[PDB]
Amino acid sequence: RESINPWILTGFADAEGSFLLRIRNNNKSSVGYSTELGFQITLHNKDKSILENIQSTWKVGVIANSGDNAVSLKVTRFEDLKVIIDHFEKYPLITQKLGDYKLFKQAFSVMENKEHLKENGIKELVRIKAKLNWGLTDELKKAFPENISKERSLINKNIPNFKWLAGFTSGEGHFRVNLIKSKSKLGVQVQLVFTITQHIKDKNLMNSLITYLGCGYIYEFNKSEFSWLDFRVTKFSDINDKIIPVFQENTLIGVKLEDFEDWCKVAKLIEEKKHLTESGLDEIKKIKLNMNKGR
C-alpha cells in the first residue's frame, strides 16, 4: 500500500518501461485499422510488488501474468494515459526512452482529437510508429506507400538527482561478491563489484556516471553483432565511501534491495578485515550463496 517517490519511479521507468502503439488491421473499423496507445512494465514474478506499488502511486494500469515467470503492468485506457503524461512532464525521462515518450505524446494528441478514426490520423500514427521502438513491420510499411523517416534526434541529458539513480539502479544495477581464486595466503580474494549495464545508444549517460558518482570505469562488450556497456566500480574505497552511501540515502526498490543489504554486510566485514579470516570468508561465502540468482 506504499507509494514510490516520483523520481525513483521515473528512473525505474527509464530502466524497465516501454511505450506501445498498436496499429491493427481491423475489418470492423471505418478506416480499416484500430489503435491502442500505452505504457507498460514487465518484470519477473518475484518483483510483482513493485508493479502493485506503481499502480497504487498512479491509480491506473492493470496487472496480468506475462508467461509463467513474469508479470506486467499495462496502461492503455485512454483517459488514464493523462496520468502517464502528467507524471513524465513533471519528472522527465533521461535515456533514449525520452524519445519514445515524445512519440507517445504525439500519438496521444492524434487520438485525443479523434483523428485516428480518419484516414489522415491513421497515416500520422503510422509515421509516428515508424520512429518508435522497432518501427513498422514490412506489412504495415507496404500498406502505407509513402516515404516515411525512421530517424529521430538522440537524447542527451544528465542524471537529474540521486532518486532517479536509485530507481534506475533498481532496474539495471547489479551488486555482487566476486570470489577470485588467488595466490593470497587464504587463496580466495573477495572483490565487491557494482555494475550497471546498458546498450551503447546511451553511452553518453553511461559515461557520465563516472563523473556523477566520482568513481568507476566503462567497458564495452560484443556478442556477435550486439554491443553493450558496463559501468563498474571495483575499488573498495569507492564502494564503501561513494556507492553504498548513495543507496542508503536513496533506497532501492524490489528484491534488488535485499541484495544491496547483503552486499553491505560483506562491505562491513571487509572494512573490519574479517575477509582475511577463515570465519569471515565462510560467512561471506554464505551471504553470497543467498544473493542474486541464489536467493
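Quick note: we count residues from 1 along the sequence shown, nothing fancier.
In this crystal structure, the stretch out of 273-281 and 11-19 whose C-alpha atoms carry the higher mean B factor is 273-281. Higher mean CA B-factor, judged across 109-117 and 218-226 from the recorded values: 218-226. The top Cα temperature factor in the record, among 184, 147, 198, 76, falls on 184.
Split the chain's modelled residues into thirds by C-alpha temperature factor. Residue 262 is in the highest one. Among all modelled residues in its chain, residue 177 ranks in the middle third by Cα B-factor. Ranked by C-alpha B-factor against the other modelled residues of its chain, residue 64 falls in the lowest third. Among the modelled residues of its chain, residue 191 has a C-alpha B-factor that falls in the middle third according to the deposited record. Among the modelled residues of the chain, residue 51 sits in the lowest third by CA temperature factor in this PDB entry.
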